[PDB]
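Inspection log for the structure reproduced underneath, given as structure tokens.
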Amino acid sequence: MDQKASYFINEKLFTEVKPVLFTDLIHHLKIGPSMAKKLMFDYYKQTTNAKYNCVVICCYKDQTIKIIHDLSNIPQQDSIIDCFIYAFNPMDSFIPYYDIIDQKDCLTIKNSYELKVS
Amino acid sequence: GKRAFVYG
Amino acid sequence: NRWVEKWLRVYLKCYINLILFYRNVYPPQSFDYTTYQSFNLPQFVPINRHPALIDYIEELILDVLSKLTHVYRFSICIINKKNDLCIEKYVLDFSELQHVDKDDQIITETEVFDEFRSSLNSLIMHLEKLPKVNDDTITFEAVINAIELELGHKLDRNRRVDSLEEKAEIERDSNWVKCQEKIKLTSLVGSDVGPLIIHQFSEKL
Amino acid sequence: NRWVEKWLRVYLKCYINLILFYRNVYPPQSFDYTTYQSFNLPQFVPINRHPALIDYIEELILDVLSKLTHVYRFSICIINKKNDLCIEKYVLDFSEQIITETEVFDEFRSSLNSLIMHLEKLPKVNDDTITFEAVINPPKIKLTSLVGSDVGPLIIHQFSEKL
């Protein structure tokens, strides 16, 4: 019932139109990447008049990791396990801009040598 | 009648 | 200030040349997505290099930024070769500018670039969502709806000119002509950053 | 009349000179497009440097604006062979106490900028085998209108039916 995420995605999609790639979701919720996949699926499931669809990355790998642009086709990933949905885009192309984000809360896997101020 | 003739 | 009209120059470069890209007034193979035309762009904007044309574009932007308080609304007009009738009129604004106030505060570089990236991406969105039929035979011309201007008489009155800066200024007042002065109008999301209020819309026919 | 006469007469003389250059009634490089500006405009203003012909068009525009007060629909046709229809009809429609001098002087720029927008955007049928003729009322004709003169007291519809 986590619609607390969904309206926050709704401003960034709509009231201004900069796309979320991943990092806004992890900044907002600090949910798991599997849970972020569930959330983006839920947004896709509860889509009402998306201006344009997202394209997914595919979890099934076979020594390949490809953003799908042959959406109907199955590009070398035939016996598919799963997909991780992200990069919901208003535009023709999928480009975000990239920025420093808060990560001390958000880092899923920390550094083998943690940084020291010294 | 004729026009643009005197102003020809 | 100094940094704020640099941002206005980059924003108008992105706006103008992106309208030029999505109207196919120049061939798309000359365009490539980039961040550097003489400055730092907010988004990857498809820019053809063509140094006469980019000279023209930064010329026009340095013309519009030269007045900077008469202009309340910069715009882009779209004219066919077939008729002089306006195909689209893309709206931009210079309302409540920092530069007229000359306020030092506030820079907010990432925040102003954020709202600029938003307004650019909105321009992308409502430039693909109208279709592509008759994709060639379109041209470009500028229009400014401004509140209080007339500078074109500065060529006259037997003036004697000595400096290159006012040579440029006489070129600014020489290049601009007042014209003689609706069918559809579509909404565009503008940037709503504090000092730079750019309330940008679109017009159709 | 009423103080639009001076800028109207220079506007028609420069309009005739621009038609003479950009539709090459005379040879194109038989002009001087360098040292004359008509109004405060960037573009070249190519008047024929011929003193007898500049006096000829001087008397032409001076007499048509002498008969301005009851003048009929104005045009210029370029003719060498059988066309029998007007080419550039800058229709001088006589209006009528508005004080408009600066604004009409600005307005004749946009009339002449519509002229050059018709001139540089114009194809090429044949070189120098044509002659103009002012007239008051090439396989196939084509319709094209240009800007009006609503800021001016007299409105000029500025139609240009090419070919």
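Scheme for the structure tokens: letters A, B, ... for chains in order shown; per-chain residue numbers from 1; ligand numbers from 1 in order shown.
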
Determine, counting only C-alpha atoms, which protein, DNA and RNA residues have an atom within 10 Å of an atom of region 69-78 of chain C; residues of the same chain fewer than 4 positions away are not included. Present the result as a compact mmCIF listing (two decimals) with N, CA and C atoms, in the first residue's frame.
# COMPACT_ATOMS: atom_id res chain seq x y z
N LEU C 12 18.86 30.04 -23.56
CA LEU C 12 18.34 30.40 -24.88
C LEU C 12 19.03 29.65 -26.00
N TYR C 15 17.22 26.34 -25.90
CA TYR C 15 15.84 26.53 -26.33
C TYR C 15 15.75 26.73 -27.83
N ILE C 16 16.53 27.68 -28.36
CA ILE C 16 16.51 28.02 -29.78
C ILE C 16 16.96 26.84 -30.62
N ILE C 19 14.53 23.90 -30.62
CA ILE C 19 13.41 24.17 -31.53
C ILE C 19 13.84 23.97 -32.98
N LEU C 20 15.07 24.40 -33.31
CA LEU C 20 15.63 24.18 -34.64
C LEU C 20 15.81 22.70 -34.94
N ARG C 23 12.09 20.88 -35.29
CA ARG C 23 11.29 21.28 -36.44
C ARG C 23 11.88 20.79 -37.75
N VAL C 25 14.41 22.00 -39.39
CA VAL C 25 14.75 23.10 -40.28
C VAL C 25 16.17 22.95 -40.81
N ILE C 61 21.26 35.68 -29.60
CA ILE C 61 21.11 35.64 -28.14
C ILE C 61 21.83 36.83 -27.50
N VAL C 64 19.49 39.73 -27.92
CA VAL C 64 18.34 39.78 -27.02
C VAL C 64 18.77 40.11 -25.60
N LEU C 65 19.89 39.55 -25.15
CA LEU C 65 20.42 39.84 -23.83
C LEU C 65 21.00 41.25 -23.70
N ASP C 84 3.99 33.04 -45.02
CA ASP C 84 4.56 33.78 -43.91
C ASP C 84 3.79 33.57 -42.61
N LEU C 85 2.67 32.85 -42.66
CA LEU C 85 1.84 32.59 -41.49
C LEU C 85 2.59 31.79 -40.43
N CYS C 86 2.34 32.12 -39.17
CA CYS C 86 3.04 31.50 -38.05
C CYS C 86 2.57 30.07 -37.86
N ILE C 87 3.51 29.13 -37.90
CA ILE C 87 3.20 27.72 -37.64
C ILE C 87 3.22 27.43 -36.15
N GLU C 88 4.28 27.82 -35.45
CA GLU C 88 4.30 27.78 -34.00
C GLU C 88 4.96 29.04 -33.46
N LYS C 89 4.57 29.42 -32.25
CA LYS C 89 5.17 30.54 -31.54
C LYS C 89 5.53 30.04 -30.15
N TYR C 90 6.80 29.68 -29.96
CA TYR C 90 7.25 29.15 -28.68
C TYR C 90 7.53 30.31 -27.74
N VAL C 91 6.90 30.29 -26.58
CA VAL C 91 6.92 31.41 -25.64
C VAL C 91 8.09 31.21 -24.68
N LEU C 92 8.76 32.31 -24.34
CA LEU C 92 9.76 32.33 -23.29
C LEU C 92 9.55 33.63 -22.52
N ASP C 93 10.14 33.74 -21.33
CA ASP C 93 9.96 34.95 -20.54
C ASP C 93 11.27 35.41 -19.91
N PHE C 94 11.39 36.72 -19.80
CA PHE C 94 12.42 37.42 -19.04
C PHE C 94 11.80 38.22 -17.91
N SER C 95 10.81 37.64 -17.23
CA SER C 95 10.05 38.35 -16.22
C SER C 95 10.69 38.19 -14.85
N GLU C 96 10.70 39.30 -14.09
CA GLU C 96 11.21 39.38 -12.71
C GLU C 96 12.68 38.95 -12.61
N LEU C 97 13.48 39.38 -13.59
CA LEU C 97 14.88 38.97 -13.70
C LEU C 97 15.72 39.42 -12.52
N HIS C 99 18.87 40.22 -13.13
CA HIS C 99 19.80 41.18 -13.74
C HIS C 99 19.29 42.62 -13.67
N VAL C 100 17.99 42.82 -13.87
CA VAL C 100 17.39 44.15 -13.70
C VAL C 100 17.55 44.63 -12.26
N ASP C 101 17.32 43.74 -11.29
CA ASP C 101 17.58 44.05 -9.89
C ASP C 101 19.07 44.18 -9.60
N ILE C 138 10.35 24.01 -43.66
CA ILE C 138 10.08 24.85 -42.49
C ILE C 138 11.28 25.78 -42.33
N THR C 139 11.04 27.02 -41.89
CA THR C 139 12.12 27.93 -41.54
C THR C 139 11.97 28.56 -40.16
N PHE C 140 12.86 29.50 -39.86
CA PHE C 140 13.07 30.06 -38.53
C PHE C 140 13.10 31.58 -38.61
N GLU C 141 12.49 32.24 -37.62
CA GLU C 141 12.66 33.68 -37.43
C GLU C 141 12.31 34.03 -35.99
N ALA C 142 12.88 35.12 -35.50
CA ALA C 142 12.67 35.51 -34.12
C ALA C 142 11.52 36.50 -33.99
N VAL C 143 10.98 36.59 -32.78
CA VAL C 143 10.01 37.62 -32.41
C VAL C 143 10.16 37.89 -30.92
N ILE C 144 10.05 39.16 -30.54
CA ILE C 144 10.09 39.56 -29.14
C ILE C 144 8.86 40.41 -28.84
N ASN C 145 8.00 39.92 -27.96
CA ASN C 145 6.95 40.75 -27.38
C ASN C 145 7.55 41.42 -26.15
N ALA C 146 7.86 42.70 -26.27
CA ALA C 146 8.55 43.43 -25.22
C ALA C 146 7.69 44.59 -24.72
N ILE C 147 7.93 45.00 -23.47
CA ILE C 147 6.99 45.91 -22.82
C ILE C 147 7.24 47.36 -23.25
N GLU C 148 8.49 47.82 -23.26
CA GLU C 148 8.77 49.23 -23.58
C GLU C 148 10.11 49.28 -24.31
N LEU C 149 10.07 49.32 -25.64
CA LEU C 149 11.30 49.49 -26.40
C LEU C 149 11.04 50.40 -27.60
N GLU C 150 12.06 51.17 -27.96
CA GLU C 150 12.38 51.47 -29.36
C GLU C 150 13.83 51.92 -29.40
N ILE C 198 11.09 32.04 -15.65
CA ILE C 198 10.89 31.82 -17.08
C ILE C 198 9.60 31.03 -17.24
N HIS C 199 8.51 31.74 -17.50
CA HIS C 199 7.19 31.13 -17.67
C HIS C 199 6.98 30.86 -19.16
N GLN C 200 7.37 29.67 -19.60
CA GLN C 200 7.45 29.38 -21.03
C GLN C 200 6.28 28.49 -21.46
N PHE C 201 5.59 28.92 -22.52
CA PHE C 201 4.49 28.22 -23.17
C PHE C 201 4.79 27.96 -24.65
N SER C 202 3.78 27.43 -25.35
CA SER C 202 3.83 27.22 -26.79
C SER C 202 2.52 27.66 -27.42
N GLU C 203 2.60 28.01 -28.70
CA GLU C 203 1.43 28.36 -29.50
C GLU C 203 1.45 27.51 -30.76
N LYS C 204 0.26 27.12 -31.24
CA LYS C 204 0.13 26.30 -32.44
C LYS C 204 -0.74 27.03 -33.44
N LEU C 205 -0.17 27.33 -34.61
CA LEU C 205 -0.78 28.12 -35.70
C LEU C 205 -1.27 29.48 -35.22

Name all residues at most 12 Å from residue 3 (chain B) (count only C-alpha atoms; drop same-chain ones fewer than 5 positions away) and give them as a PDB file with N, CA, C and O atoms, in the first residue's frame.
ATOM      1  N   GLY B   8       1.928  55.375 -68.127  1.00  0.00           N
ATOM      2  CA  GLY B   8       2.425  54.201 -68.817  1.00  0.00           C
ATOM      3  C   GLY B   8       3.858  53.866 -68.495  1.00  0.00           C
ATOM      4  O   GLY B   8       4.274  52.723 -68.705  1.00  0.00           O
TER       5      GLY B   8
ATOM      6  N   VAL D  71      -6.038  57.653 -55.954  1.00  0.00           N
ATOM      7  CA  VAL D  71      -5.303  56.605 -56.651  1.00  0.00           C
ATOM      8  C   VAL D  71      -6.046  55.278 -56.520  1.00  0.00           C
ATOM      9  O   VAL D  71      -6.807  55.045 -55.570  1.00  0.00           O
ATOM     10  N   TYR D  72      -5.899  54.441 -57.535  1.00  0.00           N
ATOM     11  CA  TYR D  72      -6.517  53.132 -57.591  1.00  0.00           C
ATOM     12  C   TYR D  72      -5.479  52.069 -57.233  1.00  0.00           C
ATOM     13  O   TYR D  72      -4.369  52.387 -56.788  1.00  0.00           O
ATOM     14  N   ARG D  73      -5.870  50.800 -57.371  1.00  0.00           N
ATOM     15  CA  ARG D  73      -5.095  49.654 -56.898  1.00  0.00           C
ATOM     16  C   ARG D  73      -3.754  49.542 -57.620  1.00  0.00           C
ATOM     17  O   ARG D  73      -3.709  49.332 -58.835  1.00  0.00           O
ATOM     18  N   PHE D  74      -2.665  49.663 -56.863  1.00  0.00           N
ATOM     19  CA  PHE D  74      -1.329  49.809 -57.426  1.00  0.00           C
ATOM     20  C   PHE D  74      -0.642  48.456 -57.580  1.00  0.00           C
ATOM     21  O   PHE D  74      -0.843  47.539 -56.779  1.00  0.00           O
ATOM     22  N   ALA D 134       5.185  49.771 -64.344  1.00  0.00           N
ATOM     23  CA  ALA D 134       4.230  50.122 -63.302  1.00  0.00           C
ATOM     24  C   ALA D 134       2.828  50.228 -63.886  1.00  0.00           C
ATOM     25  O   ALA D 134       2.618  50.852 -64.929  1.00  0.00           O
ATOM     26  N   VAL D 135       1.857  49.637 -63.196  1.00  0.00           N
ATOM     27  CA  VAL D 135       0.500  49.542 -63.725  1.00  0.00           C
ATOM     28  C   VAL D 135      -0.494  49.608 -62.568  1.00  0.00           C
ATOM     29  O   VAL D 135      -0.295  48.989 -61.519  1.00  0.00           O
ATOM     30  N   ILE D 136      -1.550  50.397 -62.745  1.00  0.00           N
ATOM     31  CA  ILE D 136      -2.548  50.634 -61.712  1.00  0.00           C
ATOM     32  C   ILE D 136      -3.882  50.122 -62.235  1.00  0.00           C
ATOM     33  O   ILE D 136      -4.281  50.457 -63.356  1.00  0.00           O
ATOM     34  N   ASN D 137      -4.568  49.318 -61.428  1.00  0.00           N
ATOM     35  CA  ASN D 137      -5.853  48.754 -61.827  1.00  0.00           C
ATOM     36  C   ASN D 137      -6.980  49.308 -60.964  1.00  0.00           C
ATOM     37  O   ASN D 137      -7.694  50.224 -61.374  1.00  0.00           O
TER      38      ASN D 137
END

Can you pull out the residues contacting region 50-58 of chain A? Cut-off 9 Å, using only C-alpha atoms, and skip same-chain residues under 6 positions away; I want them as a list in words.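 Non-adjacent residues within range: residues 44, 65, 66, 67, 68, 69, 71, 77, 80, 81, 82, 83, 84, 85, 86, 87, 88, 89, 90, 91, 92 and 94 of chain A; 125 and 129 of chain C.
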
Selected residues written out with C-alpha atoms, as a PDB file, in the first residue's frame:
ATOM      1  CA  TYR A  44       3.757   0.460 -14.131  1.00  0.00           C
ATOM      2  CA  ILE A  65      23.373  -7.012 -19.612  1.00  0.00           C
ATOM      3  CA  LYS A  66      21.432  -5.016 -22.217  1.00  0.00           C
ATOM      4  CA  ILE A  67      18.912  -2.191 -21.985  1.00  0.00           C
ATOM      5  CA  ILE A  68      16.010  -3.394 -24.107  1.00  0.00           C
ATOM      6  CA  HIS A  69      15.345  -1.365 -27.243  1.00  0.00           C
ATOM      7  CA  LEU A  71      11.008  -4.259 -26.915  1.00  0.00           C
ATOM      8  CA  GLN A  77      17.701 -13.568 -23.248  1.00  0.00           C
ATOM      9  CA  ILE A  80      14.144 -15.139 -19.145  1.00  0.00           C
ATOM     10  CA  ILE A  81      14.171 -15.149 -15.345  1.00  0.00           C
ATOM     11  CA  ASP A  82      13.114 -11.552 -14.644  1.00  0.00           C
ATOM     12  CA  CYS A  83      13.551  -7.831 -15.397  1.00  0.00           C
ATOM     13  CA  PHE A  84      14.380  -4.849 -13.202  1.00  0.00           C
ATOM     14  CA  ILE A  85      12.202  -1.909 -14.214  1.00  0.00           C
ATOM     15  CA  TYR A  86      13.747   1.579 -14.088  1.00  0.00           C
ATOM     16  CA  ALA A  87      14.460   4.641 -16.294  1.00  0.00           C
ATOM     17  CA  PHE A  88      10.929   5.927 -16.801  1.00  0.00           C
ATOM     18  CA  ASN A  89      11.359   8.624 -19.442  1.00  0.00           C
ATOM     19  CA  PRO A  90       9.202  11.460 -20.771  1.00  0.00           C
ATOM     20  CA  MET A  91      11.685  12.240 -23.533  1.00  0.00           C
ATOM     21  CA  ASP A  92      12.659  10.604 -26.818  1.00  0.00           C
ATOM     22  CA  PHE A  94      16.695   8.028 -21.804  1.00  0.00           C
TER      23      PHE A  94
ATOM     24  CA  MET C 125       8.212  16.313 -24.522  1.00  0.00           C
ATOM     25  CA  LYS C 129       4.175  14.883 -29.019  1.00  0.00           C
TER      26      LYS C 129
END

Out of region 110-204 of chain C, which residues get helix (DSSP H, G or I) from DSSP, as a ChimeraX atom specification? /C:110-128,152-155,164-175

Can you spit out the residues from that selection as a compact mmCIF listing (two decimals), in the first residue's frame, using N, CA, C and O atoms?
# COMPACT_ATOMS: atom_id res chain seq x y z
N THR C 110 23.28 24.44 -9.02
CA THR C 110 22.63 23.16 -9.24
C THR C 110 21.12 23.29 -9.28
O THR C 110 20.46 22.60 -10.07
N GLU C 111 20.55 24.20 -8.49
CA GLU C 111 19.09 24.35 -8.46
C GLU C 111 18.57 25.05 -9.71
O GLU C 111 17.54 24.65 -10.28
N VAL C 112 19.30 26.07 -10.19
CA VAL C 112 18.88 26.75 -11.41
C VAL C 112 19.11 25.85 -12.62
O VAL C 112 18.29 25.83 -13.55
N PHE C 113 20.19 25.06 -12.62
CA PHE C 113 20.40 24.08 -13.67
C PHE C 113 19.36 22.96 -13.61
O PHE C 113 18.99 22.41 -14.65
N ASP C 114 18.86 22.64 -12.41
CA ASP C 114 17.79 21.66 -12.25
C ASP C 114 16.50 22.14 -12.89
O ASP C 114 15.85 21.40 -13.66
N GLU C 115 16.10 23.39 -12.60
CA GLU C 115 14.87 23.91 -13.19
C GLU C 115 15.03 24.17 -14.68
O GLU C 115 14.06 24.03 -15.44
N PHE C 116 16.25 24.47 -15.13
CA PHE C 116 16.51 24.59 -16.56
C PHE C 116 16.40 23.23 -17.25
O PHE C 116 15.82 23.14 -18.33
N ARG C 117 16.93 22.18 -16.62
CA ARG C 117 16.82 20.83 -17.17
C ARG C 117 15.37 20.37 -17.24
O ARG C 117 14.98 19.69 -18.20
N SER C 118 14.56 20.77 -16.26
CA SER C 118 13.13 20.50 -16.30
C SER C 118 12.46 21.20 -17.48
O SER C 118 11.68 20.57 -18.21
N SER C 119 12.73 22.50 -17.67
CA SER C 119 12.07 23.22 -18.76
C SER C 119 12.52 22.74 -20.14
O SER C 119 11.71 22.65 -21.07
N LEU C 120 13.81 22.39 -20.28
CA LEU C 120 14.30 21.73 -21.49
C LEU C 120 13.61 20.39 -21.75
O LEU C 120 13.28 20.08 -22.90
N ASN C 121 13.46 19.56 -20.72
CA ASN C 121 12.85 18.26 -20.94
C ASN C 121 11.36 18.38 -21.26
O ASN C 121 10.83 17.57 -22.04
N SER C 122 10.70 19.41 -20.72
CA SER C 122 9.33 19.71 -21.13
C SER C 122 9.26 20.14 -22.58
O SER C 122 8.32 19.77 -23.31
N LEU C 123 10.24 20.95 -23.01
CA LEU C 123 10.34 21.34 -24.42
C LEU C 123 10.56 20.12 -25.32
O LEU C 123 9.97 20.05 -26.40
N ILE C 124 11.38 19.15 -24.87
CA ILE C 124 11.53 17.88 -25.58
C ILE C 124 10.19 17.18 -25.72
O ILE C 124 9.79 16.81 -26.82
N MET C 125 9.44 17.10 -24.60
CA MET C 125 8.21 16.31 -24.52
C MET C 125 7.13 16.86 -25.45
O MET C 125 6.60 16.13 -26.31
N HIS C 126 6.87 18.15 -25.35
CA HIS C 126 5.88 18.73 -26.24
C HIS C 126 6.45 19.10 -27.60
O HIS C 126 5.72 19.70 -28.41
N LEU C 127 7.72 18.81 -27.88
CA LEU C 127 8.18 18.77 -29.26
C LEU C 127 8.22 17.37 -29.88
O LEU C 127 8.32 17.29 -31.11
N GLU C 128 8.15 16.27 -29.12
CA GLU C 128 7.87 15.05 -29.87
C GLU C 128 6.38 14.79 -29.98
O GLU C 128 5.95 14.13 -30.93
N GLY C 152 15.77 51.50 -32.64
CA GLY C 152 16.20 51.52 -34.03
C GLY C 152 16.54 52.88 -34.59
O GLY C 152 17.16 52.95 -35.66
N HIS C 153 16.14 53.96 -33.92
CA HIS C 153 16.50 55.31 -34.33
C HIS C 153 17.93 55.69 -33.99
O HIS C 153 18.39 56.75 -34.44
N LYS C 154 18.65 54.87 -33.22
CA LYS C 154 20.00 55.19 -32.79
C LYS C 154 21.01 55.14 -33.94
O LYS C 154 22.12 55.65 -33.80
N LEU C 155 20.64 54.52 -35.07
CA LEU C 155 21.44 54.65 -36.28
C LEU C 155 21.44 56.09 -36.79
O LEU C 155 22.44 56.55 -37.35
N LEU C 164 34.10 49.85 -30.36
CA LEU C 164 33.57 48.58 -30.87
C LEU C 164 32.36 48.09 -30.08
O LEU C 164 31.50 47.40 -30.65
N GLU C 165 32.31 48.37 -28.78
CA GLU C 165 31.15 48.00 -27.97
C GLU C 165 29.89 48.70 -28.46
O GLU C 165 28.83 48.08 -28.62
N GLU C 166 29.98 49.99 -28.75
CA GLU C 166 28.81 50.62 -29.32
C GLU C 166 28.68 50.37 -30.82
O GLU C 166 27.59 50.59 -31.35
N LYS C 167 29.72 49.87 -31.51
CA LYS C 167 29.52 49.33 -32.86
C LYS C 167 28.59 48.13 -32.81
O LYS C 167 27.65 48.00 -33.61
N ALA C 168 28.85 47.24 -31.84
CA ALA C 168 27.96 46.13 -31.54
C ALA C 168 26.56 46.61 -31.19
O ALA C 168 25.58 46.05 -31.67
N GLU C 169 26.47 47.64 -30.33
CA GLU C 169 25.17 48.18 -29.91
C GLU C 169 24.36 48.75 -31.08
O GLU C 169 23.13 48.57 -31.15
N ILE C 170 25.02 49.44 -32.02
CA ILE C 170 24.33 49.91 -33.22
C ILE C 170 23.91 48.73 -34.10
O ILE C 170 22.85 48.75 -34.72
N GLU C 171 24.72 47.66 -34.13
CA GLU C 171 24.27 46.42 -34.78
C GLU C 171 23.04 45.81 -34.08
O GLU C 171 22.15 45.28 -34.75
N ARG C 172 22.95 45.96 -32.74
CA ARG C 172 21.79 45.44 -32.01
C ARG C 172 20.53 46.20 -32.38
O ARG C 172 19.49 45.59 -32.66
N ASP C 173 20.60 47.53 -32.40
CA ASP C 173 19.41 48.29 -32.78
C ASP C 173 19.14 48.25 -34.28
O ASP C 173 18.01 48.51 -34.70
N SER C 174 20.16 47.96 -35.09
CA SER C 174 19.95 47.83 -36.53
C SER C 174 19.25 46.53 -36.89
O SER C 174 18.45 46.51 -37.83
N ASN C 175 19.53 45.45 -36.17
CA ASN C 175 19.03 44.15 -36.58
C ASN C 175 17.55 43.94 -36.27
O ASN C 175 16.95 43.01 -36.81

Residues of chain A within 12 Å of chain C, counting only C-alpha atoms, what are they? List them as a list in words.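 Here they are: residues 11, 12, 13, 14, 15, 16, 17, 18, 19, 20, 51, 52, 89, 90, 91, 92, 93, 94, 95, 96, 97, 98, 99 and 100 of chain A.
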
The selected residues should be written to file as a compact mmCIF listing (two decimals), in the first residue's frame (atoms: N, CA and C atoms).
# COMPACT_ATOMS: atom_id res chain seq x y z
N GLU A 11 5.30 14.05 -8.77
CA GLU A 11 5.78 15.43 -9.04
C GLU A 11 6.95 15.43 -10.02
N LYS A 12 7.93 14.56 -9.79
CA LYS A 12 9.15 14.54 -10.60
C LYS A 12 8.85 14.10 -12.03
N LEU A 13 7.86 13.23 -12.22
CA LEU A 13 7.36 12.96 -13.56
C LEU A 13 6.59 14.14 -14.15
N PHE A 14 5.76 14.82 -13.35
CA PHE A 14 4.73 15.68 -13.92
C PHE A 14 4.92 17.17 -13.66
N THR A 15 5.06 17.59 -12.39
CA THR A 15 5.08 19.02 -12.07
C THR A 15 6.36 19.68 -12.55
N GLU A 16 7.45 18.93 -12.56
CA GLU A 16 8.58 19.11 -13.44
C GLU A 16 8.80 17.73 -14.04
N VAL A 17 9.61 17.63 -15.09
CA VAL A 17 9.59 16.43 -15.92
C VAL A 17 10.95 15.74 -16.00
N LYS A 18 11.89 16.06 -15.11
CA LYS A 18 13.14 15.32 -15.06
C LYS A 18 12.89 13.85 -14.71
N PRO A 19 13.46 12.92 -15.46
CA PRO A 19 13.18 11.50 -15.21
C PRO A 19 13.87 11.00 -13.95
N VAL A 20 13.25 10.01 -13.33
CA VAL A 20 13.94 9.25 -12.30
C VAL A 20 14.74 8.15 -12.99
N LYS A 51 2.70 9.17 -20.56
CA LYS A 51 3.04 9.84 -21.81
C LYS A 51 3.90 8.95 -22.71
N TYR A 52 4.84 8.20 -22.13
CA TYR A 52 5.58 7.17 -22.84
C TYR A 52 6.05 6.14 -21.82
N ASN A 89 10.89 7.46 -18.69
CA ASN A 89 11.36 8.62 -19.44
C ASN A 89 10.21 9.35 -20.13
N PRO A 90 10.06 10.65 -19.89
CA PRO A 90 9.20 11.46 -20.77
C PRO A 90 9.75 11.60 -22.18
N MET A 91 11.07 11.71 -22.32
CA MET A 91 11.69 12.24 -23.53
C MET A 91 11.73 11.19 -24.64
N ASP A 92 12.33 11.57 -25.77
CA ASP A 92 12.66 10.60 -26.82
C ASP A 92 13.77 9.67 -26.37
N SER A 93 14.73 10.19 -25.60
CA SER A 93 15.91 9.44 -25.20
C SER A 93 15.98 9.40 -23.69
N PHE A 94 16.78 8.47 -23.18
CA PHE A 94 16.70 8.03 -21.80
C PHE A 94 17.65 8.77 -20.89
N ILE A 95 18.32 9.80 -21.40
CA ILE A 95 19.40 10.49 -20.69
C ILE A 95 18.86 11.21 -19.45
N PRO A 96 19.39 10.93 -18.28
CA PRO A 96 19.25 11.84 -17.14
C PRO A 96 20.38 12.85 -17.14
N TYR A 97 20.41 13.71 -16.13
CA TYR A 97 21.65 14.33 -15.72
C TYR A 97 22.07 13.66 -14.41
N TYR A 98 23.37 13.67 -14.14
CA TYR A 98 23.91 12.90 -13.03
C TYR A 98 24.47 13.84 -11.98
N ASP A 99 24.21 13.51 -10.72
CA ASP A 99 24.44 14.44 -9.63
C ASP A 99 24.85 13.65 -8.40
N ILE A 100 25.58 14.32 -7.51
CA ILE A 100 25.88 13.74 -6.21
C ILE A 100 24.59 13.62 -5.42

Counting only C-alpha atoms, figure out which residue out of C:178, C:49, C:157, C:184 gets nearest to residue 147 (chain D).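 So, comparing all the options, the nearest one is C:178.
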
Considering only C-alpha atoms, return as number ranges by chain whatever protein or nucleic-acid residues lie within 8 Å of residue 58 (chain C), sequence-local ones (same chain, fewer than 3 positions apart) excluded. C: 9, 13, 54-55, 61-62

Write the residues of the selection above to a file with N, CA, C and O atoms, as a PDB file, in the first residue's frame.
ATOM      1  N   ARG C   9      22.051  32.961 -21.545  1.00  0.00           N
ATOM      2  CA  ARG C   9      22.613  32.667 -22.860  1.00  0.00           C
ATOM      3  C   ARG C   9      22.600  31.174 -23.152  1.00  0.00           C
ATOM      4  O   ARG C   9      22.230  30.758 -24.256  1.00  0.00           O
ATOM      5  N   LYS C  13      20.313  29.284 -25.835  1.00  0.00           N
ATOM      6  CA  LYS C  13      20.990  28.446 -26.824  1.00  0.00           C
ATOM      7  C   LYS C  13      20.331  27.081 -26.922  1.00  0.00           C
ATOM      8  O   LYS C  13      20.025  26.600 -28.022  1.00  0.00           O
ATOM      9  N   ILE C  54      25.907  28.656 -35.887  1.00  0.00           N
ATOM     10  CA  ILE C  54      26.061  28.878 -34.454  1.00  0.00           C
ATOM     11  C   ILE C  54      26.548  30.294 -34.163  1.00  0.00           C
ATOM     12  O   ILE C  54      26.216  30.841 -33.102  1.00  0.00           O
ATOM     13  N   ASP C  55      27.251  30.930 -35.116  1.00  0.00           N
ATOM     14  CA  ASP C  55      27.551  32.354 -35.015  1.00  0.00           C
ATOM     15  C   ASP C  55      26.275  33.181 -35.039  1.00  0.00           C
ATOM     16  O   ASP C  55      26.123  34.115 -34.246  1.00  0.00           O
ATOM     17  N   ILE C  61      21.256  35.677 -29.599  1.00  0.00           N
ATOM     18  CA  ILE C  61      21.115  35.643 -28.145  1.00  0.00           C
ATOM     19  C   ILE C  61      21.828  36.827 -27.499  1.00  0.00           C
ATOM     20  O   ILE C  61      21.295  37.458 -26.577  1.00  0.00           O
ATOM     21  N   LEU C  62      23.020  37.177 -27.993  1.00  0.00           N
ATOM     22  CA  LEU C  62      23.693  38.380 -27.517  1.00  0.00           C
ATOM     23  C   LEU C  62      22.956  39.654 -27.914  1.00  0.00           C
ATOM     24  O   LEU C  62      23.118  40.681 -27.247  1.00  0.00           O
TER      25      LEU C  62
END

Pick from D:111, D:97, D:126, D:75: nearest to chain C, with only C-alpha atoms counted? D:111

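Using only C-alpha atoms, the shortest contact distance between residue 109 (chain D) and any of C:176, C:195, C:181, C:160 is found at C:176.
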
I'd like the neighbourhood of residue 161 (chain D) as a VMD selection string, where a residue qualifies if any of its atoms comes within 10 Å (using only C-alpha atoms), though same-chain residues fewer than 6 positions away should be ignored. chain D and resid 77 85 to 89 141 to 145
